[PDB]
Amino acid sequence: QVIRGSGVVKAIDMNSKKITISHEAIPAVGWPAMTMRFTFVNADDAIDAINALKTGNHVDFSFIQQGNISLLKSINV
Ligand SMILES: [Ag+]
C-alpha cells in the first residue's frame, strides 16, 4: 500500500540511506505530523530529495511500510 504525504526535507545521509522529512499528519494511517527518517533504495532516488533539501519547498512524497521500515517510493520537488 503506497502512502502519500507532504513535507519539508530536513536532512539526507548517503551512508545510512535515510532522508529526514518534517511531514504533515497522515490521517489515512493515523500518523500525526512528525519529523521522521525514511529509507531510500537507489542513490538516484536521493536526487529529488537533495533538490527539496536545497529549496526547503513543501513537497509531495510517497512511501510504503515494507516490514517495519518506511521505504521511500518518490519525492516530486
Ligand atoms: Ag512519521
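Only the coordinates and a few stated rules stand behind these numbers; no lab work does.
For the chain, set up a GNM with springs between Cα atoms under 10 Å and report which of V29, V41, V59 has the largest fluctuation.
Judging by the Gaussian network model, the answer is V29.
Taking a cut-off of 22 Å, what percent of all Cα-Cα pairs in the chain are separated by more than that?
12 percent
Per-residue HN-Hα couplings for the range 38-54, Karplus 6.51 cos²θ - 1.76 cosθ + 1.60 at θ = phi - 60°, whole Hz, x for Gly and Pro?
Karplus-based 3J(HN,Hα) across the range 38-54 equals 10, 7, 10, 9, 8, 3, 6, 5, 6, 4, 4, 5, 5, 4, 5, 4, 5 Hz.
Pop out the ³J(HN,Hα) list for the range 66-77 in order, Karplus 6.51 cos²θ - 1.76 cosθ + 1.60 with θ = phi - 60°, rounded to Hz; leave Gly and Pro as x.
After applying 6.51 cos²θ - 1.76 cosθ + 1.60, I find 10, x, 9, 10, 8, 9, 5, 10, 6, 9, 7, 6 Hz.
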